[PDB]
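A.B. asks: Okay, handing you the structure first.
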Amino acid sequence: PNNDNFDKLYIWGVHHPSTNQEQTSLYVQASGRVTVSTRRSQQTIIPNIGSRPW
Amino acid sequence: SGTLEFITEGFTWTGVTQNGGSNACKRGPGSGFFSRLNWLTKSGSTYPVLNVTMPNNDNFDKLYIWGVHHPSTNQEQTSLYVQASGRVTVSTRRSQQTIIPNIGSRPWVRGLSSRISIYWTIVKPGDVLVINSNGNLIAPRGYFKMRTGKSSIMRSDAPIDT
Amino acid sequence: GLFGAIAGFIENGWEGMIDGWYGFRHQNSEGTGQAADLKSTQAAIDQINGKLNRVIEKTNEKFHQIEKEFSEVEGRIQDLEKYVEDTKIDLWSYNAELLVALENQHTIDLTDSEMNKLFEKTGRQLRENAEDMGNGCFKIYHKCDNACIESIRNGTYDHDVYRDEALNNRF
Amino acid sequence: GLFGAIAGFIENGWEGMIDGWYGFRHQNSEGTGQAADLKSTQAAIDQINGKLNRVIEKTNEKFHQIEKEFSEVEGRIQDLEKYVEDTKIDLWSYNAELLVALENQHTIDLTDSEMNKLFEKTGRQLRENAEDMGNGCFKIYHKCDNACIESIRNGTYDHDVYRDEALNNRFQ
Amino acid sequence: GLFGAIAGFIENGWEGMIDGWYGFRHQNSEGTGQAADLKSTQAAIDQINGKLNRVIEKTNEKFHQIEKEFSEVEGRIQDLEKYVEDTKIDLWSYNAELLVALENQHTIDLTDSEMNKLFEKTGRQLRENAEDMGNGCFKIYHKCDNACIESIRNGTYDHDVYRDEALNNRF
Amino acid sequence: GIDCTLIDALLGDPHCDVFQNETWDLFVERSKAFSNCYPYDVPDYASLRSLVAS
Ligand SMILES: *[C@@H]1O[C@H](CO)[C@@H](O[C@@H]2O[C@H](CO)[C@@H](O)[C@H](O)[C@H]2NC(C)=O)[C@H](O)[C@H]1NC(C)=O
Ligand SMILES: *[C@@H]1O[C@H](CO)[C@@H](O[C@@H]2O[C@H](CO)[C@@H](O)[C@H](O)[C@H]2NC(C)=O)[C@H](O)[C@H]1NC(C)=O
Ligand SMILES: *[C@@H]1O[C@H](CO)[C@@H](O)[C@H](O)[C@H]1NC(C)=O
Ligand SMILES: *[C@@H]1O[C@H](CO)[C@@H](O)[C@H](O)[C@H]1NC(C)=O
Ligand SMILES: *[C@@H]1O[C@H](CO)[C@@H](O)[C@H](O)[C@H]1NC(C)=O
Ligand SMILES: *[C@@H]1O[C@H](CO)[C@@H](O)[C@H](O)[C@H]1NC(C)=O
């Protein structure tokens with residue numbers, strides 16, 4: 001809860017693994033999801049599996 | 001950019017069928033497709049995980065045009081791509097896009113309830129393109145050379161003259 | 001105008017003065033005649049052309065800009081494209097309006113001035129040999145033939161030559 | 001002003017001239033008096049009403065625009081909306097400042113001009129019968145009763161009638 | 001200029017007048033001399049510093065704005081940022097051009113005016129004792145020593161003192 | 001708009017159903033407006049509000 005009298009900025013993130021093997025190794029679930037919300041806003045993020053450039 | 005100069009690159013697409021076409025897009029008498037795109041489908045009874053790279057060793061920006069097929073039915077999805085759900089991921093060293101196709105009908109257009117969605121990716125000198133898909137990828141055949149300058153576009157029905 | 005010459009003590013323009021903007025009309029013992037004054041005429045013309053050329057100089061060159069017409073409702077981004085463009089046009093339109101009001105006022109006042117300046121110059125040459133009748137005309141108080149008038153017009157009038165004659169006639 | 005009449009050779013205004021902007025004050029053998037000059041007062045008035053009506057002419061009509069207040073931080077798009085508006089306001093604010101600065105300079109000079117123009121007309125009617133004392137007053141070198149002054153004020157003064165009398169007074 | 005004094009009936013400026021903007025040159029029975037006129041000079045100076053102080057008054061203070069240079073092609077939103085800024089710059093650039101054009105014309109015209117006003121004042125003091133030679137000089141028709149000239153320059157010349165003498169000489 | 005935002009009237013939040021099929025040159029939203037139906041958000045809320053209002 002924000003029980004202060006100023007706005008709070010939260011910084012967070014979503015990991016995109018390179019393989020299905022990596023995803024399950026880290027997170028067990030084959031596909032994840034991150035949802036961060038307030039009382040009148042919401043952001044839901046689905047991670048994306050695959051190789052990117054090294 | 002002011003030009004449509006296009007440069008074919010020798011992408012290798014192992015374990016898929018290339019050059020897909022449709023009677024919605026005839027080229028001469030037979031089925032065909034957009035000239036700058038490459039509709040990939042299964043080969044035999046499989047569609048492997050595509051994972052290909054193309055470095056930019058030039059000293060200009062390259063524009064890659066690519067796409068994602070959205071089939072209208074599950075029968076179609078699996079018929080083309082084997083996988084029940086496909087995925088297309090295209091990225092550079094500082095950008096990434098992953099698109100999951102969506103099965104279902106859209107309004108019937110030129111015989112088709114299916115659709116293609118077009119995306120673009122720019123790769124600067126010293127950067128690299130990586131393409132990773134296990135289905136539904138409408139692949140680029142190469143890139144457009146990007147220029148900067150005074151070029152533009154206008155909507156008009158006025159005739160040209162000398 | 002500010003100087004009160006054009007549309008002022010000069011009662012009207014001369015439709016018949018077709019080879020100059022400003023000039024002289026006279027009556028003397030050899031009849032009457034007319035001549036444009038080139039220096040004043042040329043003074044008004046040069047200022048107006050200088051001004052005109054400043055105004056019609058150098059349009060801006062623009063190439064790729066923004067879309068200004070839209071075939072679909074889109075909301076927030078389109079509103080902003082439309083607001084930016086709408087604002088720009090009103091600003092330029094104001095500038096255009098303002099530019100001509102000031103220019104035209106200034107074109108009018110400078111031409112009035114040239115009239116007044118020509119008149120004052122004529123008065124000064126004449127010294128004590130003439131009186132301003134108040135309608136842009138001078139009553140010249142001495143015999144003054146065509147060569148004499150022309151001597152006034154070309155700026156070589158020698159007031160001393162006529163002074164004795166003129167003062168006797170005035171007073 | 002540019003013409004040097006108001007706040008110039010006319011040393012001050014007349015708080016007592018309340019039925020005109022410009023006018024005449026006189027002294028003669030029948031006493032003294034005051035009269036508004038009708039043409040010049042009206043000449044000045046029409047230009048000022050003219051400019052003013054141009055200035056107060058035609059506000060713009062606007063309807064749906066953009067939001068200009070925001071209850072949440074949003075970044076790039078809000079920055080741009082606020083910048084466009086802020087920019088618009090500063091430009092208009094500049095135009096407004098400039099417009100009145102220019103008008104007022106022009107309003108002051110045109111009023112000075114009418115004074116100067118009225119003064120010049122008076123001099124011209126009088127020909128050789130009067131001299132400019134240099135403070136916006138003319139010395140008239142002949143007997144000049146109320147009908148004569150009024151003849152000057154209404155523009156029908158006949159300088160020739162008085163010239164013999166006047167020149168004699170000026171030069172002899 | 002509008003009044004025709006500077007670059008007009010006054011044939012040229014005086015490079016040798018280094019202690020004033022406007023002034024007097026004279027010749028009389030005691031020789032010749034020069035003096036700046038402080039009031040007219042100061043009148044011009046006060047107006048020009050006033051306009052100038054108005055022009056350089058109060059720059060705007062701005063803090064967080066928009067990005068105006070971009071390292072990547074982005075399309076629609078960037079076009080608008082660039083269009084908004086490009087537009088803003090052209091409007092201000094226009095204002096800057098116009099502001100100085102109007103001011104400079106007005107600066108030129110007001111100085112011509114002060115010249116013309118000083119000249120007219122001198123004529124008025126002199127009454128019937130002098131004649132305008134038409135070149136910004138007055139011919140004074142009476143003996144007029146240095147104290148007399150100074151009486152003119154400082155505004156106490158008493159025309160009545162010299163009128164009999166001057167008129168005899170004029171006429 | 002009284003107790004209603006334009007969007008609550010649009011969706012048909014019950015205490016706002018008074019505003020059904022209504023028209024306006026200028027819609028006035030009051031700071032006291034409140035929602036009283038299923039909790040919701042609108043992606044690009046600002047645009048929908050704008051395009052309906054217009
Ligand atoms: C459009 O322009 C590109 C670039 O010039 C052309 O690509 C060339 O093709 C020739 C023939 O195969 C090759 O030898 C060159 O190596 C290519 N140039 C480059 C820089 O890649 C292309 O042929 C043109 N497209 C068409 C259809 O005319
Ligand atoms: C979903 O419904 C739409 C609308 O009825 C179907 O689109 C029709 O497809 C038929 C068969 O080809 C066409 O003949 C019609 O022209 C289409 N109707 C309309 C109104 O567009 C669509 O086939 C359905 N999707 C699925 C997978 O059943
Ligand atoms: C896919 O290709 C890229 C580019 O060569 C390579 O770096 C990466 O290791 C590959 N990914 C996998 C899991 O094979
Ligand atoms: C001006 O005009 C007169 C009469 O035509 C002529 O005699 C005289 O030479 C002219 N003056 C000059 C110097 O051109
Ligand atoms: C000017 O004033 C006189 C005195 O009042 C009057 O008699 C005369 O009619 C006036 N002139 C004209 C033509 O108005
Ligand atoms: C002007 O100059 C004269 C000569 O010096 C002097 O006597 C006179 O007082 C001056 N006038 C005034 C009031 O300054």
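Residues in the structure tokens are numbered from 1 in each chain, the chains being A, B, ... in the order shown, and ligands are numbered from 1 in the order shown.
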Dump the neighbourhood of ligand 4 as an MDAnalysis selection string: all residues within 9 Å, distances computed on only C-alpha atoms and all ligand atoms.
C.D. replies: chainID C and resid 146:157
A.B. asks: May I have the selected residues written with C-alpha atoms, as a tab-separated table (two decimals), in the first residue's frame?
C.D. replies:
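Result went into selection05.tsv, see below:
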```tsv
chain	number	residue	atom	x	y	z
C	146	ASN	CA	8.20	78.43	-69.24
C	147	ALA	CA	11.96	78.43	-68.78
C	148	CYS	CA	11.45	79.95	-65.31
C	149	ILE	CA	8.92	77.31	-64.30
C	150	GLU	CA	11.23	74.66	-65.65
C	151	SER	CA	13.99	76.30	-63.60
C	152	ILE	CA	11.82	75.61	-60.57
C	153	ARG	CA	11.09	72.05	-61.70
C	154	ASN	CA	14.72	71.12	-62.37
C	155	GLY	CA	15.96	72.74	-59.17
C	156	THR	CA	18.03	75.60	-60.54
C	157	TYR	CA	15.59	78.43	-59.84
```
A.B. asks: If the limit is 7 Å from any atom of ligand 3, counting only C-alpha atoms and all ligand atoms, which residues qualify? Return them as JSON, numbers by chain.
C.D. replies: {"A": [18, 19, 51, 52, 53, 54], "B": [51, 52, 53, 130]}
A.B. asks: Can you move chain C onto chain E by a least-squares fit over all C-alpha atoms paired in order, then give me the moved copy as a short mmCIF file (atom, residue, chain, number, x, y, z; two decimals) with C-alpha atoms, in the first residue's frame?
C.D. replies:
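Saved result, out27.cif, follows:
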```
data_model
loop_
_atom_site.label_atom_id
_atom_site.label_comp_id
_atom_site.auth_asym_id
_atom_site.auth_seq_id
_atom_site.Cartn_x
_atom_site.Cartn_y
_atom_site.Cartn_z
CA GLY C 1 12.85 59.15 -44.01
CA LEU C 2 9.21 60.22 -43.78
CA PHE C 3 10.12 63.76 -42.76
CA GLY C 4 12.72 64.36 -45.44
CA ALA C 5 15.26 65.95 -43.14
CA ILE C 6 17.90 63.29 -42.61
CA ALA C 7 19.03 62.24 -46.10
CA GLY C 8 16.79 65.01 -47.47
CA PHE C 9 16.96 68.80 -47.14
CA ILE C 10 19.86 68.21 -44.77
CA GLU C 11 22.34 67.22 -47.49
CA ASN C 12 24.59 65.12 -45.31
CA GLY C 13 25.56 64.27 -41.80
CA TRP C 14 28.37 65.87 -39.94
CA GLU C 15 31.19 63.50 -39.18
CA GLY C 16 32.58 66.30 -36.98
CA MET C 17 29.62 66.55 -34.66
CA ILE C 18 31.01 64.13 -32.08
CA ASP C 19 29.38 65.34 -28.85
CA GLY C 20 25.75 65.16 -29.94
CA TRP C 21 23.46 63.70 -32.58
CA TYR C 22 21.97 66.98 -33.68
CA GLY C 23 23.35 70.48 -33.43
CA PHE C 24 24.14 73.83 -34.90
CA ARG C 25 26.80 75.12 -37.04
CA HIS C 26 27.21 78.85 -37.51
CA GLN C 27 29.14 81.65 -39.17
CA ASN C 28 28.99 85.23 -37.92
CA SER C 29 31.11 88.33 -37.44
CA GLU C 30 33.23 86.61 -34.76
CA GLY C 31 33.95 83.55 -36.87
CA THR C 32 32.35 80.10 -36.85
CA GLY C 33 31.63 77.39 -34.28
CA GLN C 34 29.69 74.26 -33.36
CA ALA C 35 27.42 73.01 -30.60
CA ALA C 36 25.34 69.88 -30.01
CA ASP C 37 21.67 70.45 -29.15
CA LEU C 38 21.10 68.45 -26.00
CA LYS C 39 17.30 68.28 -25.94
CA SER C 40 16.94 66.80 -29.42
CA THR C 41 19.99 64.59 -28.97
CA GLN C 42 18.60 63.34 -25.72
CA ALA C 43 15.17 62.87 -27.32
CA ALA C 44 16.47 60.47 -29.93
CA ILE C 45 18.63 58.62 -27.41
CA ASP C 46 15.85 58.13 -24.88
CA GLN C 47 13.45 56.77 -27.44
CA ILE C 48 16.01 54.38 -28.80
CA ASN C 49 17.03 53.15 -25.38
CA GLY C 50 13.44 52.79 -24.27
CA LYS C 51 12.79 50.84 -27.43
CA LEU C 52 16.02 48.86 -27.10
CA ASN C 53 15.16 47.94 -23.50
CA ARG C 54 11.71 46.82 -24.50
CA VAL C 55 13.27 44.53 -27.08
CA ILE C 56 15.94 42.96 -24.89
CA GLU C 57 13.64 42.60 -21.89
CA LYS C 58 12.67 39.27 -20.32
CA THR C 59 13.62 36.20 -22.31
CA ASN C 60 11.26 33.30 -21.51
CA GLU C 61 12.45 30.59 -19.12
CA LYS C 62 11.79 27.01 -20.16
CA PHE C 63 12.89 23.79 -18.51
CA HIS C 64 11.75 20.32 -19.52
CA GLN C 65 10.57 20.42 -23.12
CA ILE C 66 10.71 17.89 -25.93
CA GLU C 67 13.54 16.03 -27.57
CA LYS C 68 14.65 17.86 -30.67
CA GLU C 69 17.23 15.40 -31.93
CA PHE C 70 16.71 11.68 -32.55
CA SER C 71 19.09 8.80 -33.13
CA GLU C 72 16.55 6.36 -34.62
CA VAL C 73 13.84 6.59 -37.27
CA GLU C 74 10.48 6.17 -35.51
CA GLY C 75 7.91 7.64 -37.85
CA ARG C 76 4.65 9.20 -36.81
CA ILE C 77 5.46 10.40 -33.26
CA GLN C 78 8.87 11.68 -34.24
CA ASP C 79 7.48 13.39 -37.37
CA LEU C 80 5.11 15.25 -35.10
CA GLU C 81 7.87 16.19 -32.64
CA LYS C 82 9.96 17.39 -35.57
CA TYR C 83 7.08 19.23 -37.25
CA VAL C 84 6.05 21.03 -34.08
CA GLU C 85 9.58 22.16 -33.46
CA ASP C 86 10.24 23.09 -37.07
CA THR C 87 7.03 25.14 -37.14
CA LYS C 88 7.85 26.90 -33.89
CA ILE C 89 11.27 27.96 -35.15
CA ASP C 90 9.90 29.38 -38.40
CA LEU C 91 7.28 31.33 -36.49
CA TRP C 92 9.83 32.80 -34.11
CA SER C 93 12.13 33.49 -37.00
CA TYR C 94 9.41 35.40 -38.77
CA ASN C 95 8.70 37.30 -35.57
CA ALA C 96 12.35 38.10 -35.21
CA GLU C 97 12.61 39.34 -38.80
CA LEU C 98 9.43 41.36 -38.53
CA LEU C 99 10.38 42.77 -35.21
CA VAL C 100 13.59 44.29 -36.55
CA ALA C 101 12.15 45.56 -39.85
CA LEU C 102 9.44 47.51 -38.06
CA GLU C 103 11.79 48.64 -35.32
CA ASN C 104 14.46 49.80 -37.73
CA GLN C 105 12.00 51.64 -39.95
CA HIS C 106 10.66 53.24 -36.81
CA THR C 107 14.10 54.07 -35.47
CA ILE C 108 14.94 55.81 -38.75
CA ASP C 109 11.70 57.77 -39.05
CA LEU C 110 11.84 58.99 -35.44
CA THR C 111 15.41 60.27 -35.85
CA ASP C 112 14.48 62.04 -39.07
CA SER C 113 11.59 63.59 -37.16
CA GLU C 114 13.84 64.82 -34.37
CA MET C 115 15.95 66.53 -37.00
CA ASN C 116 12.87 68.11 -38.51
CA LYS C 117 11.51 69.09 -35.09
CA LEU C 118 14.73 70.83 -34.11
CA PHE C 119 14.70 72.67 -37.44
CA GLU C 120 11.07 73.81 -37.02
CA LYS C 121 11.78 74.98 -33.50
CA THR C 122 14.70 77.04 -34.75
CA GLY C 123 12.50 78.57 -37.45
CA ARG C 124 9.82 79.52 -34.91
CA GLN C 125 12.22 81.28 -32.58
CA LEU C 126 13.56 83.26 -35.50
CA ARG C 127 10.11 84.47 -36.54
CA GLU C 128 10.62 87.12 -39.23
CA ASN C 129 14.33 87.63 -38.53
CA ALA C 130 15.67 84.85 -40.75
CA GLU C 131 14.87 82.89 -43.88
CA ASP C 132 15.18 79.14 -44.46
CA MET C 133 17.77 78.70 -47.20
CA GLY C 134 16.40 75.22 -47.84
CA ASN C 135 19.49 73.21 -46.91
CA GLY C 136 18.91 73.14 -43.19
CA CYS C 137 20.50 76.53 -42.83
CA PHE C 138 19.03 79.85 -41.80
CA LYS C 139 20.31 83.13 -43.18
CA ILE C 140 19.90 85.51 -40.23
CA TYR C 141 19.33 89.07 -41.38
CA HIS C 142 20.89 90.95 -38.49
CA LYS C 143 24.19 91.32 -36.63
CA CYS C 144 24.25 88.26 -34.39
CA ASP C 145 27.33 87.70 -32.22
CA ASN C 146 28.30 84.57 -30.27
CA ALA C 147 26.05 85.46 -27.36
CA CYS C 148 23.19 86.00 -29.83
CA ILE C 149 23.73 82.62 -31.49
CA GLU C 150 23.93 81.04 -28.08
CA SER C 151 20.69 82.87 -27.25
CA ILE C 152 19.17 80.97 -30.16
CA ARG C 153 20.74 77.69 -29.06
CA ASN C 154 19.60 77.93 -25.44
CA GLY C 155 16.10 79.08 -26.38
CA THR C 156 16.10 82.61 -25.02
CA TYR C 157 16.51 84.47 -28.31
CA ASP C 158 14.34 87.60 -28.22
CA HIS C 159 13.17 88.16 -31.78
CA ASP C 160 11.78 91.63 -31.02
CA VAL C 161 15.22 92.96 -30.19
CA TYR C 162 16.45 92.25 -33.69
CA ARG C 163 13.24 92.57 -35.70
CA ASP C 164 13.65 96.11 -36.91
CA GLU C 165 17.20 95.47 -38.02
CA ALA C 166 16.31 92.22 -39.73
CA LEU C 167 13.29 93.39 -41.71
CA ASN C 168 15.17 96.40 -43.11
CA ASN C 169 17.94 94.03 -44.27
CA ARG C 170 15.47 91.46 -45.70
CA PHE C 171 13.27 93.88 -47.59
#
```
A.B. asks: Counting only C-alpha atoms, what is within 7 Å of stretch 7-21 of chain F, bar same-chain residues fewer than 5 positions away, as a PyMOL selection string?
C.D. replies: chain F and resi 35-37+49
A.B. asks: Could you turn the residues from that selection into a file that holds N, CA, C and O atoms, as a compact mmCIF listing (two decimals), in the first residue's frame?
C.D. replies:
```txt
# COMPACT_ATOMS: atom_id res chain seq x y z
N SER F 35 -17.76 5.97 -10.53
CA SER F 35 -18.21 4.73 -11.15
C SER F 35 -18.88 3.86 -10.08
O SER F 35 -18.47 3.86 -8.92
N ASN F 36 -19.89 3.11 -10.49
CA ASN F 36 -20.59 2.21 -9.57
C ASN F 36 -21.04 0.92 -10.23
O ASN F 36 -22.15 0.44 -9.98
N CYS F 37 -20.17 0.35 -11.04
CA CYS F 37 -20.51 -0.85 -11.76
C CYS F 37 -19.28 -1.73 -11.69
O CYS F 37 -18.48 -1.58 -10.78
N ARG F 49 -12.73 8.60 -24.83
CA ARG F 49 -13.42 9.74 -24.25
C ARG F 49 -13.47 10.87 -25.27
O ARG F 49 -14.51 11.47 -25.49
```
A.B. asks: Distance limit 6 Å, reference ligand 1, atoms considered: only C-alpha atoms and all ligand atoms. Which residues make the cut? Give them as number ranges by chain.
C.D. replies: B: 5-7
A.B. asks: Could you save those same residues with C-alpha atoms as a CSV table (one decimal), in the first residue's frame?
C.D. replies:
```
chain,number,residue,atom,x,y,z
B,5,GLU,CA,15.6,-0.4,-53.9
B,6,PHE,CA,15.6,-3.9,-52.6
B,7,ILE,CA,18.4,-6.3,-52.1
```
A.B. asks: Dump the neighbourhood of ligand 2 as number ranges by chain: all residues within 8 Å, distances computed on only C-alpha atoms and all ligand atoms.
C.D. replies: B: 72-73, 104-108, 111-113
A.B. asks: Could you give me the residues within stretch 104-154 of chain B that DSSP places in strand (DSSP E or B), as an NGL selection string?
C.D. replies: :B and (109 or 112 or 115-123 or 128-135 or 137-140 or 142-145)
A.B. asks: Please identify all protein, DNA and RNA residues within 10 Å of ligand 5, counting only C-alpha atoms and all ligand atoms, and report them as a list in words.
C.D. replies: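 Result of the 10 Å neighbour search around ligand 5: residues 145, 146, 147, 148, 149, 150, 151, 152, 153, 154, 155, 156 and 157 of chain D.
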A.B. asks: Please write the residues from the selection above to a file, keeping N, CA and C atoms, as a tab-separated table (two decimals), in the first residue's frame.
C.D. replies:
```tsv
chain	number	residue	atom	x	y	z
D	145	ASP	N	-12.82	90.59	-35.05
D	145	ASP	CA	-13.90	90.32	-34.13
D	145	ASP	C	-14.39	88.87	-34.17
D	146	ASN	N	-15.44	88.59	-33.41
D	146	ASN	CA	-15.91	87.23	-33.19
D	146	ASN	C	-16.31	86.55	-34.50
D	147	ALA	N	-16.92	87.32	-35.39
D	147	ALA	CA	-17.32	86.78	-36.67
D	147	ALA	C	-16.09	86.45	-37.51
D	148	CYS	N	-15.05	87.27	-37.38
D	148	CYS	CA	-13.78	87.00	-38.06
D	148	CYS	C	-13.06	85.75	-37.59
D	149	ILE	N	-12.95	85.59	-36.27
D	149	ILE	CA	-12.39	84.37	-35.70
D	149	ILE	C	-13.17	83.16	-36.15
D	150	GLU	N	-14.49	83.28	-36.12
D	150	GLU	CA	-15.35	82.18	-36.49
D	150	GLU	C	-15.16	81.89	-37.97
D	151	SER	N	-14.90	82.94	-38.75
D	151	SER	CA	-14.62	82.77	-40.17
D	151	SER	C	-13.36	81.95	-40.35
D	152	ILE	N	-12.38	82.14	-39.46
D	152	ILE	CA	-11.20	81.28	-39.48
D	152	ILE	C	-11.54	79.85	-39.10
D	153	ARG	N	-12.28	79.70	-38.00
D	153	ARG	CA	-12.63	78.38	-37.51
D	153	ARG	C	-13.48	77.60	-38.48
D	154	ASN	N	-14.34	78.27	-39.24
D	154	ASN	CA	-15.21	77.52	-40.14
D	154	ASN	C	-14.68	77.48	-41.57
D	155	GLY	N	-13.49	78.06	-41.77
D	155	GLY	CA	-12.77	77.85	-43.01
D	155	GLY	C	-13.16	78.77	-44.14
D	156	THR	N	-13.74	79.91	-43.80
D	156	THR	CA	-14.21	80.83	-44.82
D	156	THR	C	-13.50	82.17	-44.73
D	157	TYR	N	-12.49	82.24	-43.87
D	157	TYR	CA	-11.70	83.45	-43.69
D	157	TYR	C	-11.13	83.89	-45.04
```
A.B. asks: Using only C-alpha atoms and a cut-off of 10 Å, which residues of chain B sit close to chain E? Please list them as an MDAnalysis selection string.
C.D. replies: chainID B and resid 122 124 148
A.B. asks: Do you know which residues are at most 7 Å from stretch 26-35 of chain A counting only C-alpha atoms, after dropping those on the same chain fewer than 5 positions away, and could you put them as a PDB file with C-alpha atoms, in the first residue's frame?
C.D. replies:
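Done, and the output landed in part_18.pdb:
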```pdb
ATOM      1  CA  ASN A  20      11.935 -23.667 -23.509  1.00  0.00           C
ATOM      2  CA  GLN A  43      -0.234  -4.163 -16.947  1.00  0.00           C
ATOM      3  CA  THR A  44       0.012  -7.818 -17.793  1.00  0.00           C
ATOM      4  CA  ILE A  45       3.126  -9.143 -19.497  1.00  0.00           C
ATOM      5  CA  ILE A  46       3.757 -12.494 -21.187  1.00  0.00           C
ATOM      6  CA  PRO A  47       7.511 -13.300 -21.629  1.00  0.00           C
TER       7      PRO A  47
END
```
A.B. asks: Using only C-alpha atoms, what does the table of chain A residues within 12 Å of chain F look like, with each row giving the shortest atom pair and its distance in Å to one decimal, sorted by chain and ascending number, as a Markdown table?
C.D. replies:
```
| residue | atom | partner | partner_atom | distance |
| --- | --- | --- | --- | --- |
| A:37 | CA | F:41 | CA | 11.1 |
| A:38 | CA | F:41 | CA | 10.7 |
| A:39 | CA | F:39 | CA | 8.8 |
| A:40 | CA | F:41 | CA | 6.3 |
| A:41 | CA | F:41 | CA | 6.5 |
| A:42 | CA | F:41 | CA | 8.0 |
| A:43 | CA | F:43 | CA | 10.3 |
```
A.B. asks: Would you save the residues of that selection, restricted to N, CA and C atoms, as a PDB file, in the first residue's frame?
C.D. replies:
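Once written, again-v3.pdb looks like this:
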```pdb
ATOM      1  N   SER A  37      -0.526  -4.150 -11.085  1.00  0.00           N
ATOM      2  CA  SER A  37      -1.705  -3.323 -11.248  1.00  0.00           C
ATOM      3  C   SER A  37      -1.902  -2.347 -10.099  1.00  0.00           C
ATOM      4  N   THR A  38      -2.701  -1.321 -10.358  1.00  0.00           N
ATOM      5  CA  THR A  38      -3.206  -0.462  -9.300  1.00  0.00           C
ATOM      6  C   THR A  38      -4.734  -0.555  -9.301  1.00  0.00           C
ATOM      7  N   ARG A  39      -5.408   0.330  -8.575  1.00  0.00           N
ATOM      8  CA  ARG A  39      -6.861   0.216  -8.457  1.00  0.00           C
ATOM      9  C   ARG A  39      -7.644   0.631  -9.714  1.00  0.00           C
ATOM     10  N   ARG A  40      -6.995   1.369 -10.615  1.00  0.00           N
ATOM     11  CA  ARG A  40      -7.613   1.785 -11.881  1.00  0.00           C
ATOM     12  C   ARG A  40      -6.710   1.571 -13.106  1.00  0.00           C
ATOM     13  N   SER A  41      -5.625   0.826 -12.920  1.00  0.00           N
ATOM     14  CA  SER A  41      -4.704   0.515 -14.009  1.00  0.00           C
ATOM     15  C   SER A  41      -4.185  -0.913 -13.870  1.00  0.00           C
ATOM     16  N   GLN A  42      -3.740  -1.491 -14.980  1.00  0.00           N
ATOM     17  CA  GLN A  42      -3.140  -2.817 -14.955  1.00  0.00           C
ATOM     18  C   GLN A  42      -2.219  -3.019 -16.139  1.00  0.00           C
ATOM     19  N   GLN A  43      -1.171  -3.796 -15.903  1.00  0.00           N
ATOM     20  CA  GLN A  43      -0.234  -4.163 -16.947  1.00  0.00           C
ATOM     21  C   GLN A  43      -0.027  -5.646 -16.757  1.00  0.00           C
TER      22      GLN A  43
END
```
A.B. asks: Any idea what the distance is between atom CA of residue D:139 and atom CA of residue D:112?
C.D. replies: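 Taking atom CA of residue D:139 as the start and atom CA of residue D:112 as the end point, the length is 22.3 Å.
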A.B. asks: Quick check: residues of chain D within 8 Å of chain C, only C-alpha atoms, returned as a list in words.
C.D. replies: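 That gives the following set of residues: residues 65, 66, 81, 84, 88, 92, 110, 113, 114, 117, 121, 124, 125, 127 and 167 of chain D.
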A.B. asks: For the selection you just gave me, I'd like the residues written to a file as a PDB file, in the first residue's frame, keeping C-alpha atoms.
C.D. replies:
```pdb
ATOM      1  CA  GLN D  65      -9.238  20.576 -29.224  1.00  0.00           C
ATOM      2  CA  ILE D  66      -6.696  18.810 -27.061  1.00  0.00           C
ATOM      3  CA  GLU D  81       0.702  18.104 -25.880  1.00  0.00           C
ATOM      4  CA  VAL D  84       2.486  22.510 -28.281  1.00  0.00           C
ATOM      5  CA  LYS D  88       1.051  28.358 -28.875  1.00  0.00           C
ATOM      6  CA  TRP D  92       0.040  34.458 -29.122  1.00  0.00           C
ATOM      7  CA  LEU D 110      -1.613  59.906 -35.548  1.00  0.00           C
ATOM      8  CA  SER D 113      -0.315  64.398 -36.649  1.00  0.00           C
ATOM      9  CA  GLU D 114      -3.899  65.651 -36.551  1.00  0.00           C
ATOM     10  CA  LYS D 117      -2.329  69.041 -39.588  1.00  0.00           C
ATOM     11  CA  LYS D 121      -4.329  74.427 -42.083  1.00  0.00           C
ATOM     12  CA  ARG D 124      -2.399  78.438 -44.515  1.00  0.00           C
ATOM     13  CA  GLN D 125      -5.711  80.232 -44.243  1.00  0.00           C
ATOM     14  CA  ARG D 127      -1.372  83.594 -45.321  1.00  0.00           C
ATOM     15  CA  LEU D 167       0.832  93.834 -43.497  1.00  0.00           C
TER      16      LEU D 167
END
```
A.B. asks: If we count only C-alpha atoms and set the cut-off at 6 Å, which residues sit around residue F:33, ignoring sequence neighbours fewer than 3 positions away in its own chain? Please answer as a list in words.
C.D. replies: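 Using only C-alpha atoms, the neighbours found are residues 3, 4, 5 and 30 of chain F.
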A.B. asks: Among chain F, which residues does DSSP mark as helix (DSSP H, G or I) when it is run on the backbone? Keep the chain and numbering as in the structure and answer as a VMD selection string.
C.D. replies: chain F and resid 6 to 11 14 to 19 45 to 53
